[PDB]
Structures are given as C-alpha cells and as structure tokens.
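Student: This one's experimental. Sequence and coordinates below.
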There are 2 protein chains.
Amino acid sequence: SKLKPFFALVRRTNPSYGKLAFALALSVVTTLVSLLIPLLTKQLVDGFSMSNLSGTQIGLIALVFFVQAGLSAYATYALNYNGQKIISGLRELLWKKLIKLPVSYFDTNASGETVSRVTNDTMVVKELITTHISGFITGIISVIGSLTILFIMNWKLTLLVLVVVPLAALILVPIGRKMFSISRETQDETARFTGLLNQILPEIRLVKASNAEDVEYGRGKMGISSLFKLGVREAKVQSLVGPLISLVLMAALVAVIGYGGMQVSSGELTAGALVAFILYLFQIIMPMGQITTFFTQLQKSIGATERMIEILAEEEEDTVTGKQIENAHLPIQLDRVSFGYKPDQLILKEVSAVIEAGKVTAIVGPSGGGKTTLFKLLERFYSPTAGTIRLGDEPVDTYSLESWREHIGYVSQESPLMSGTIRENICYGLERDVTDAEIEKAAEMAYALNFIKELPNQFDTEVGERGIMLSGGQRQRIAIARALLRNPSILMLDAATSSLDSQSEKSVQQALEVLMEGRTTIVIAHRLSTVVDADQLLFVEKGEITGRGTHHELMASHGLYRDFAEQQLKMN
Amino acid sequence: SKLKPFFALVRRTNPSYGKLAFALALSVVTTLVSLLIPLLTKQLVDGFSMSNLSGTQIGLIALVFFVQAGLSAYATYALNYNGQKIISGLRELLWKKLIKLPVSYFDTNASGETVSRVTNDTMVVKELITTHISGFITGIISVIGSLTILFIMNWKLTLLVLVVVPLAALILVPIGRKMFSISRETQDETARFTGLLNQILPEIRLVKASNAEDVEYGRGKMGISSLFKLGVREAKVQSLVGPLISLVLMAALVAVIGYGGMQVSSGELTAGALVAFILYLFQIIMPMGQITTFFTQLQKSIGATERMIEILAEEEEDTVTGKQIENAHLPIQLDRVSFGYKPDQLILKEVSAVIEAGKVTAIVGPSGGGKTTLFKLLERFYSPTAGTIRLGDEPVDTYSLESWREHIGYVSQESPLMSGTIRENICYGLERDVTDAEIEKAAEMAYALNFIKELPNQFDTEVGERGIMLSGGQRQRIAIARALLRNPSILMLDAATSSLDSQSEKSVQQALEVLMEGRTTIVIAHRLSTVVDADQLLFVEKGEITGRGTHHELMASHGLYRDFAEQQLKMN
Ligand SMILES: CCOc1ccc(-c2nc3ccc(-c4nc5ccc(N6CCN(C)CC6)cc5[nH]4)cc3[nH]2)cc1
Ligand SMILES: CCOc1ccc(-c2nc3ccc(-c4nc5ccc(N6CCN(C)CC6)cc5[nH]4)cc3[nH]2)cc1
C-alpha cells in the first residue's frame, strides 16, 4: 500500500510504460542467459575428450557471451534513458510548483532545504528506478535459478553444505558490528580530543601570560592518554576480529571447494560440475549485495517520494480572484486588519489606517515589532483573513493579484542582483510589451545611463553568478531605474538608502522624488530622511498603528516619549 | 633516502624495535602457514579414497587453521599496540612543541590547521606503521609464494594463462577512469544546477513582485535540460561500459577455471589440485588491493611526515635568557623601537616613549594603524630586532621572560574562559604558592565572591565546554579577580567593555583602581573614560608614537591636530 504514492508520482510524469517494461524483461532475459553460460562451460569441460567439439563449444560460448553483453547493454541504455526522462519530468513539475508557490511557504519553512530536498530526492528516485528495481529483479532471478540449477546438477551434497555455510554469516555479522561500534567510539574520542585542542589553541596568549603552559600540556597529556587507552582496547578487540573473520571465510571456502574436489576424486557425479559450481557461486554472491542495497535504497526512497508529494501538494492562485483593474489610482484603506502568520498567535490586532492617492506615506516600525508583517500585508504576499486592505469597495479580492503586482514598484533594502546583465536586470518586467529600446534611454531618465557611461559593454556586461564587483551603490540605482521603467503607478520602499553617504544619496533621492512625484509612494524604513519628503507619516508598535498626519511635528505631540525613545536608540 | 626523516621521527619516540620486528616476523610466518594450507587441502582431496585418512587430514587442517589464527591474532595485537605507543609518543612530543611554540607563530600561520596537523597526520602515520607496512610485506610474500607454488604445481599450462588474463586490466582500467570522469562531469553539472536554484529561490519576493515566474521557470527548465543531456550522455557511456566489465570479468573467470577443469578432465596432471589452484587464486587476488593501498598511503604519509617535522622543527624558550628579577618596579622607556613581523616591511620605525612607574598610561591608536603591534610588543611576545624596550637600565632579557610574565596581569577584550570550573580560573595563578585556601577571600576583596553570592556551587561551579551561560561582564570580572590574585605588580589592559553597561563598568573600574592603589597600569583602549583614567597619555599613528603629557592637553591638541577624524568615527 506504501507504493501507491510512488506509482502515482511516476504516473504524473506520463512514463513510456511499454519501453520500461520491455527493458526490464530484456534484463531478465540477459540474467537467464548468464544462467546458461556455466552449463556450456561444463559441456566443454566434459567434451574435451575430443578436440573439434572443444573448438565448437568455445565458439558457442563466445557467441553467447557477446549476445549477453549486447542484450544487457541495450537493457541498461533503455532503463537509464527512461529514468532520465522520468527525472526530467519530475524536476519540471517540481520547479513549476516551487516558483508559483506563495512567498509565505519560503519564509516560514526553508530556503535552501527545499532545493536540497528537490535535487536529492530526484536523484534518489532516479537511483531507485534506473538501477535498484531492475537490480533486485535480476538478483532474485539469479539467486533462485542458480540454487535450482545447483540442486538439479550437483544434487543435495554440495549445495546443502553451501547453504549451511551461511551460518558463517551469523558469526561474521555480530563481529563486524562490534568492530563498527568500537571504531565509532574511537572516532568520537578523537573528535573530543581535537575539540579540546581547538579550544585551547586560540587562547594561547592567555595561556602563556599566566605561565601555566605546562599545566595545559598536562591536560593535553591526559587526552593523549585517554585515546591511547581506548586505542589499546580497539587493538585487543581487533585482534579477535581481524584473524577470526579471515579464518571463518577461508574455512568456509575450503569446506565448499574441498567437498567439490573430494566429489571429483571419489567418482561421484562431478567432472566439470565443479567448474560449473564455482561459476554459479560467483553468480550467486554479488546479487546478495545488490538485493541488500536495493532494500536500503527502497527504505530511503519511500520517504524521499513522500517528501516529493508533500512539496507537490501545495497550491497558489495568481489570476483566480478576477480581472477588473482599470486605473489603480485611489486612496488605500486598512480596515480592521488583524492577522499575522497563524490565527492562534494573532500577530496583528485591529489595524486601521487611511492613505491618500499620490502622496508619500511612511511606516515607522520598531526593532522587532510588526513593520515587516505590515509590509508583507500591504505587499499582498499574505492572504487576508479578517481585515480588509481596500482600494474602496475592496476590489483587491476580485481582480488578479498579478494585475496588482504589475502596477507596484518594489526595492526595499538590497535587492542585490538577478543573474544576468544590466539590460536583463532592468528588463525583468517585460509585460509582453518588450519595451523596445527605451531601457537605456529610461536609464538616462533615471540618471543611470550617464552613470554607466564608462560602458565596459552594453549587452555583455556580466555581473557574474557571485555578483561582488559592483557595490550596493550602483545596484540600487539600477533597481530604481527598473522600477520607474516598468510601470510608475504605485511605489513602495524600505528606503534602500544606505551608507552610500550624501553624495550618492542626494542623486538617487532627487531622481526618485522627481520621477514618482505624481504617483503614490510608501516608505517603511527607520531614517527620517524620507519622512520629511513623506506627506503622511504612520507609526506601528505592538502590531497596532498609532499616528496619522504630516510628520515629526505631529509625533512631537504623540510619540514625544515612546517614538522619541526608539529614535534615541537610533541615534546611538 | 626519503625514509630517513620518517625513521628519525619514529626513533624520537623510543620505538622498542625488538617487539615490532618480532611482530613482523610472526606476520611473515602466518603468511607462510596460509600458503601451506591449500597444499594440505590438495593432499586431502587426493587422498579421499578411504575414510580414516580423510579424518586425520581434516584434523591436521583444523589444527593448522587454529595455529594460523592464533599467530595472526598475536602479530596483529603486537603491531597495533606498538603503533599506539608510537602515536602516543609522537602526539606528546607534538603537543609539547605546540604549547611551547612562540605566540608570533600562531597568529601569523594558522589556528585550527595546526590541530589538524596533530590529529590527522598522527592517524596517517599510525595507519602506515601498524597496518600498511606489514600489509605490504605480507601481500608481497603471499603473491610471490603463490606464483612460485603454482609454477611448481601446474607449470606452463595453467599459470601462464593465469598471468596473461589480468592483462585485461589494460582493458578494464581505462574504462573505469572514463566512467569516473563522466560521473565527475555529471556531479559538477548537478552542483551548478543546485547553485542556480539556491541563487534563484531567496529572491522569490522580487521574482513574484516583478511577475517573472515564467522566465524563472524557463531558466530552470534550461538548467534541467542541460542536466538531462548530461544524463543521456552518461547513460550511453555507462551502457557501453557495464556489460563490457561484466563480459571481461566473466570471460576471464571462464577461461581460467574452465582451463583448470579441462586439464582435470583430460588426464593431464591436475588430479584434485584444481582446489589448491582456486584457493591460491583467492590468496592472490586479495593482497593486490593491500599493495595498492600501501603505495597510496606511503605517498600520503611521506607527505605528512614533512609537516610533522616542520611543526617539530621550530623552537622557543622561556628562561634561557637569564634570571635577574628582583623588584620589577621601574619606569618603562622605549628606545628607538623599530621591528614588526618581518624585517623587510619595517612596520615600526624608531618608536620611543617615556612611561613612569606606578602611573596609569593610556594608548590611543587608529583603526588599522600600529596600535596592535605596539600592544603586543609591550607584552614581549615579539622578539626585539633593532630597538629595545628597556626596563632594568636597558637589559630586558637579563631576567627570564617567564619571570617578566609572572608579574603581569592581562585581560584585553574577551578572555572568554578556560573550560572546566571557576577553580581553574582562580588557580591558573598557582605559581608554586598554591594560594593555600585564600582564593575565596581573594575573590572577596576583589569583589567577586559577592558577585557569586547566589552560589550555585563553590568548587563545582561549571561553565560548560561551550561557555555560553555567562556574559562578558562576569567573565571579565573573574579575569580581573584572577589578575589581582596572581601578582598585582604591573598591569596592561585593553579595557574589555562588551556588555557591562554603565553600572557594571563603573563598579569594575572603581574596584580595579582601588585594588592597585599605586601599581603600574597600562591602557590601550579607545573609550574616553579609559583615557581619562590615566596620568600620562600616548598616541599611535602610522607606526609612530606622537604625543606625550597629561590627558587634557593631549586630547585637546591631538583632536586639534588630526585626532578629530578618529573622534568623529567614535561618535558615529
Ligand atoms: C556462500 C558461501 O560460499 C562462499 C564463497 C566464497 C567465500 C569467500 N569470499 C572471500 C573473499 C575473501 C577472502 C579472503 N580475504 C583474505 C585476505 C587475507 C587473507 N590472508 C592473507 C594473510 N593473512 C595474514 C592470512 C590470510 C585471507 C583472505 N581470504 C575469503 C573469502 N571467502 C565465502 C563463502
Ligand atoms: C585471472 C585471475 O583470476 C581471476 C579470477 C576471477 C576474477 C573475477 N573476480 C570477479 C568478481 C566479480 C565478478 C562478477 N561481477 C558480476 C556482476 C554481475 C554479474 N551478472 C549478474 C546479472 N548480469 C546481467 C549477468 C551477470 C556477474 C558478475 N560477475 C566476476 C569476477 N571475476 C578475476 C580474476
């Protein structure tokens, strides 16, 4: 019943079932031919009584070897190609799901663990499909057929000792596990010793200042003693593990082969059956390891597939709400907004506010308050539950969130870079308009073309995957240029202004304020450099908005103590 | 020639060569017995025509098996025990050298890599001593003896094809290396794809805000398409490999064993000696891996022993200079002090200053100047080259450096913890005076016992190996108490101030100042309280001392001169 999710997930890829089944059957046929090769060898050994049939049998054996090799090659190619196709389909589905998934999932669950899980589990499912299931089938067939053929050919005597010998496994396995436990304990002790040394060494200045180095040496000696004692123990235990194992193996070996040799001398039904027996043992041994590896890999892959389905079970909506955007130019209202991330916690409580259209607005939050939550709420990445973020009559729930997003410009603190060139990084918002060649001209409108006039190149200017040769000063100018290029209708900022100092700050701020003067603006940062240019100021504390009006003149009557205390912490 | 350093290093630990040589000889004897065993098996197989001799030979074989097991067990125990003793000696020598190595070496070269080259190279040398040398000797003996015995047993026919077949290594090994190369290329591609995804995902806020889900999905699809192409190429290359490896190995096995059985059946002498031949094949194939592993580990160990000797090559001293300390109370003067880390750079140039005795002196330095160099120079951690830090009418080495350090208390920025209990913290000053039982009293006047008045425990007060349950203020207070306990004669601080806050800062400053009440004090911090807490002031700039006199005059003049820039940095 646990394989049903795996079958459904593989079905999601629309596999070529016929080709996979044909490849598996061809692998079975190859295993059956490898089950036949030793019989031909036995026939050759028995037929050495004359020389021409020896040559004919050698030719037949070579032909069977080549046929087996070719059949196995084609089966492996079909298996691997189908596995790669299934993995490509699975990765396509997973990446389509991840990108469309709401930003809440990324913030509240993980960022790199998701990509890790995706890649690792796709690789595990590939290993289960292309190798381990066929490997298990081939191993089962090989073991069963070899045991049956040994029973038919060399009969009870030798095969019974062959399957009584695995009592040697009941002596090897506990011994091997004791070796593993002692090795793990020694490794842990070594880790403790190196941790002690790595703790002591950085404070060597303090050690020598106190002139207690000898004492530390003594401490070190104790560690070197401890390991030694444990090491000695390992030695003793290894002296009961190293030889004994070999002994048992050799004993088993001799026994088996010895009986074969004996049955050759006594005249029993064994002339070339001994050679066939050794070849069948060699075909027996490896499939045991293959089966064990398959069992462990299935134990891992069931959980991997469960994680796959857990990723593929989420949902998100982009245009489902509706499509009725026409102007997107109206005062925005927060009405009874009270919701955070989980309804139980209630990180937001009864937040209400008004913002006019075409006026710069500020959102000042404390260090650890609800400024980030309020930003994400206004930025429409969080689904409203109780309150209403309205544009009048609350149309935001009846038209596409993508229509909202196309009309919003956003750069908050860094927005570092999107892997590519400058033209693509300012062309990230091609809403099917292609934007012609306005881009660089708009950069001149954003005072960016004259800033990039040095021009290492235009289209080949590579920021690299790392993105480190450009400081934060140049990238934020590019971000502002892109924001004004896409759709200057409503713009929101965490005031990407930084340590750039007035020289760059003056230019970037004057450009921004002159361009988006006629359109709605929101600022959410802490600095007061933007609040003087913000027509309306709002303050947030304890998940509640307190303060409406012009500016610092009005917080002088409302936040003259609490807001002043946070600003005092800021002056530090 | 290259083994001489290894032999010398082993000799440094008194190897007790007799036991090691006896263990090696016993291993050789065990290998000879293992070579003997298949001949006894062949005797039993040939003699299996009547039952009693079969039982006698089985008993003899079992006795030889047990003798071999016991001899191998004792040889392994002796080898491992001698190796552990050698490693303990080497670790003791290395740790003594490390703890006695100069501080200047530690900061300029490495911190954790030094511990790595005491923990990992010792393990490598152990692997070479206990296992790989004996393993190589026993493998060479086994291979040569088995080839010789097979030559005297089957002569031209079987053993020539025996040797000729593993020339199929010239067919297998290139194929395996091509497999490894293709696997490495695929792994690199998947690593690049994982990096691309881990770069895309954290920018999901910008990705959705700009509404480029389709673009990012397309880029991910291109990445997984490249991965699919790599997988298809790997699939083809593996399909032209796996069946080839199986075919070559099975053709080898069939040729050898079928020829053996063919000789057995024909009448050509082989009787039941095919059993001995198979056992000799099993004793031949195993030690090849041991020989190859020995060669690779010999390369690694001959690389690591040089690092061992280089660590052990360096030297340092603490009392060779002399022993001429009687008072250690005299004004401190700098006389044309010019030395840094390397004579070529000359980071210090003719630094000179006058410091009285019992007068607190403050040092002011810039962010990246030479304040740290002079700070470490005053502690005598760096060897004078040209200039002289004269204390004692010029001779500063007439007395032992340990004696100079003994009269010194030191805590600069953190001085985090010496892991264990507060007993170690207060007893690090146990310079043969044991302090009787006055440590708690010493804590009492030093204003530490009332700080620990909550008393979780007195002697069992534990801080943990990590040392995170106490704050910076408390550990700095304990450091001050230790400094006042050892020898409150001459003191230098960097005024460790991290999280004490005004109350604790003033408390520790007043207690510390009361405690010396007439002993020399040195301060090198940047805080203005620390610099007003000093009768005489200094200033460091460009590796030169510029400024002498009283606090107010210097602070007013230096700020007038150029120190106002550093001050402006301070208010920031
Ligand atoms: C399914 C049942 O059938 C079986 C078929 C084969 C084996 C079997 N597979 C083996 C693989 C390796 C060894 C083996 N590896 C060895 C390594 C070293 C030595 N030495 C060399 C030197 N030392 C000191 C003494 C012996 C013997 C060794 N014998 C024995 C083995 N016996 C067991 C059961
Ligand atoms: C000359 C010195 O003497 C030698 C004697 C033996 C070997 C030798 N050592 C071997 C170890 C493993 C294998 C082997 N590994 C296999 C893996 C798979 C299969 N299969 C299982 C299913 N497939 C499809 C068919 C056969 C057979 C296999 N046979 C062959 C081997 N031949 C080498 C030199």
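Tutor: Nice, thanks for sending it over. Residues are numbered from 1 along each chain as shown, chains lettered A, B, ... in the order given. Ligands and ions are numbered 1, 2, ... in the order given.
Student: Quick check: residues of the stretch 101-250 of chain A near ligand 1?
Tutor: Residues of the stretch 101-250 of chain A lying near ligand 1 by Cβ under 6 Å from any ligand atom: A:162, A:165, A:246, A:249-250. To be clear about C-beta, it is placed using only N, CA and C from the backbone, and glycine gets the same treatment.
Student: Got the phi and psi for residue A:157?
Tutor: phi -60, psi -60 (degrees, to the nearest 10).
Student: Residue A:499 too?
Tutor: Torsion angles, degrees, to the nearest 10, at residue A:499: phi -70, psi 0.
Student: With residue B:572 as the reference, measure out to it.
Tutor: 11 Å (Cβ to Cβ, to the nearest Å).
Student: who's more crowded, the two?
Tutor: Between residue A:499 and residue B:572, residue A:499 has the larger neighbour count (other Cβ atoms under 10 Å in any protein chain shown), namely 9 against 6.
Student: Strands along chain A, start to end?
Tutor: A:332-337, A:351-355, A:360-364, A:388-390, A:408-411, A:490-493, A:520-523, A:536-541, A:544-545 (DSSP state E).
Student: And those: which comes nearest ligand 1?
Tutor: Among the strands of chain A, strand A:408-411 comes nearest to ligand 1, with 65.8 Å by Cβ to the nearest ligand atom.
Student: Paired strands for that closest one, with orientation please.
Tutor: Strand pairing for strand A:408-411, using DSSP bridges, gives strand A:490-493 (parallel).
Student: Residue A:345: how many residues sit nearby?
Tutor: The tally of other residues near residue A:345 (other Cβ under 10 Å) stands at 9.
Student: got a list of what residue A:129 touches?
Tutor: Taking Cβ atoms under 8 Å, 6 or more residues apart in numbering or on different chains as the criterion, residue A:129 is in contact with A:10, A:79, A:82-83, A:86.
Student: So which bits of stretch A:25-42 are buried?
Tutor: For stretch A:25-42, the neighbour count (16 or more other Cβ atoms under 10 Å in any protein chain shown) marks A:26-31, A:33-35, A:37-42 as buried.
Student: before we move on, what about stretch A:325-334?
Tutor: For stretch A:325-334, by 16+ other Cβ under 10 Å, it's A:325, A:328, A:332-334.
Student: Alpha carbons of it, as PDB, please.
Tutor: Output of stretch A:325-334 as PDB, limited to C-alpha atoms (Å, rounded to 0.1, in the frame of the first residue of the first chain):
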ATOM      1  CA  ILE A 325      -8.100  46.500 -12.900                       C
ATOM      2  CA  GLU A 326      -8.600  49.800 -14.800                       C
ATOM      3  CA  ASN A 327      -6.900  52.600 -13.000                       C
ATOM      4  CA  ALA A 328      -5.300  51.500  -9.700                       C
ATOM      5  CA  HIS A 329      -5.200  55.200  -8.600                       C
ATOM      6  CA  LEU A 330      -7.300  55.700  -5.400                       C
ATOM      7  CA  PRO A 331      -6.700  56.100  -1.700                       C
ATOM      8  CA  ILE A 332      -5.900  52.900   0.100                       C
ATOM      9  CA  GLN A 333      -7.500  51.900   3.300                       C
ATOM     10  CA  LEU A 334      -6.700  49.400   6.000                       C
END
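Student: about what we covered before: wait, which of the strands of chain A is closest to residue A:202?
Tutor: strand A:408-411 (41.1 Å; Cβ to Cβ).
Student: Show me what the closest one is in contact with.
Tutor: Residues contacting strand A:408-411 (Cβ under 8 Å, 6+ apart): A:379, A:476, A:479-480, A:483-484, A:486-493, A:496, A:516, B:205-206, B:209.
Student: List the contacts of the nearest residue to residue A:551 once chain neighbours are set aside.
Tutor: Distances taken as Cβ to Cβ, 6 or more residues apart in numbering or on different chains put residue A:537 closest to residue A:551, at 5.2 Å, once the chain neighbours are dropped. Contacts of residue A:537 were listed using Cβ under 8 Å, 6+ apart, and they are A:361-362, A:364, A:531, A:547, A:549-552, A:554-555.
Student: Ok, residue A:102 next?
Tutor: Applying Cβ under 8 Å, 6+ apart, the residues near residue A:102 are A:316, A:381, A:383.
Student: With residue A:436 instead?
Tutor: Residue A:436 neighbours (Cβ under 8 Å, 6+ apart): none.
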